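Colleague: Whatever this is, show me its structure:
(2 chains)
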There are 2 protein chains.
Amino acid sequence: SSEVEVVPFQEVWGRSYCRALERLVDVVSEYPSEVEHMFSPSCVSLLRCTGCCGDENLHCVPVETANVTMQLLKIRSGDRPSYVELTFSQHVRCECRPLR
Amino acid sequence: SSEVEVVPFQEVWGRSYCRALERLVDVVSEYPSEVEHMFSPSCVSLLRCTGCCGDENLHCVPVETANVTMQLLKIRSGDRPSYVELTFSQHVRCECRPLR
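Modeller: Residues are numbered from 1 along each chain as shown, chains lettered A, B, ... in the order given. The relevant structure is shown in the block below.
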């Protein structure tokens, strides 16, 4: 009864090995340059390549990307709230490759 | 059309609202103090409360935690590789609450 399940090494490794994983990211952070924090929600759910690779010199990178357009509330100090449509980058498939 | 789908505000908000989300985390950083990166995989998949709360004053926190025991490979410069069972903290349910 006090004995817990152990996730086997193969599963552990496979679960955390490089993949397109849903992550919640700060909207403003997705912008190239500084941009005032006037978005609601302030964070969105995007698929981003994540994972370790086992090989030190290797890291998880996208081999295929796409797009997702989301409707957010823009709240700038000086204007009336307004909805806007923003297209964000999506990472569809990932693979371990040579960092640099 | 050549028209793309727009994820409506309600869905966007709900998707990024405080929740227990699978995240890949560095094993060593789950340790209180400094530990040598002697684990393989170096990162594991854990449920972690993540999300924005519509208010800078509120933050996503767990209201329920649990455990997951995983089998990893310990590799120390000096010992022969060896499998070990590591128990990690799991976040089961999450909620937005006042900062600190």
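Colleague: To which secondary structure element is the residue nearest to residue A:87 when sequence neighbours are not counted assigned?
Modeller: Spatial nearest neighbour of residue A:87, excluding adjacent residues (CB to CB, 6 or more residues apart in numbering or on different chains): residue A:69 at 4.6 Å. Yep, even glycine has a C-beta here, placed from its N, CA and C like the rest. Here residue A:69 sits within strand A:58-74, counting by DSSP states H and E.
Colleague: so after that strand, what's the next helix or strand?
Modeller: strand A:82-98.
Colleague: Tell me which other helices or strands that following strand touches.
Modeller: strand A:19-26, strand A:43-50, strand A:58-74 (3 or more CB pairs under 8 Å, 6 or more residues apart in numbering or on different chains; DSSP states H and E).
Colleague: what does it rub up against?
Modeller: A:17-20, A:27, A:30, A:44, A:46-51, A:53-55, A:57-74, B:4, B:6, B:9 (CB atoms under 8 Å, 6 or more residues apart in numbering or on different chains).
Colleague: for chain B, what are the nearby residues on chain A?
Modeller: Proximity of chain A to chain B is confined to A:4-9, A:12-13, A:15-17, A:21-24, A:40-45, A:50-52, A:54, A:67-73, A:83, A:85, A:87 under the rule CB under 8 Å from any CB of the partner chain.
Colleague: then stretch A:29-43 to PDB, C-alphas only?
Modeller: C-alpha atoms of stretch A:29-43 as PDB (Å, rounded to 0.1, in the frame of the first residue of the first chain):
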ATOM      1  CA  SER A  29       8.300  38.700 -24.500                       C
ATOM      2  CA  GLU A  30       7.300  37.500 -28.000                       C
ATOM      3  CA  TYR A  31       7.800  40.900 -29.400                       C
ATOM      4  CA  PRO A  32      11.200  41.800 -30.900                       C
ATOM      5  CA  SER A  33      11.700  45.000 -29.000                       C
ATOM      6  CA  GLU A  34      10.400  46.600 -25.700                       C
ATOM      7  CA  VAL A  35       6.600  46.900 -25.900                       C
ATOM      8  CA  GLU A  36       4.400  48.000 -22.900                       C
ATOM      9  CA  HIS A  37       2.600  45.300 -21.000                       C
ATOM     10  CA  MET A  38      -0.900  46.100 -22.300                       C
ATOM     11  CA  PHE A  39      -2.200  42.700 -23.100                       C
ATOM     12  CA  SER A  40      -4.900  40.500 -21.600                       C
ATOM     13  CA  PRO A  41      -4.300  37.700 -20.900                       C
ATOM     14  CA  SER A  42      -0.600  38.700 -20.400                       C
ATOM     15  CA  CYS A  43       0.500  35.200 -21.300                       C
END
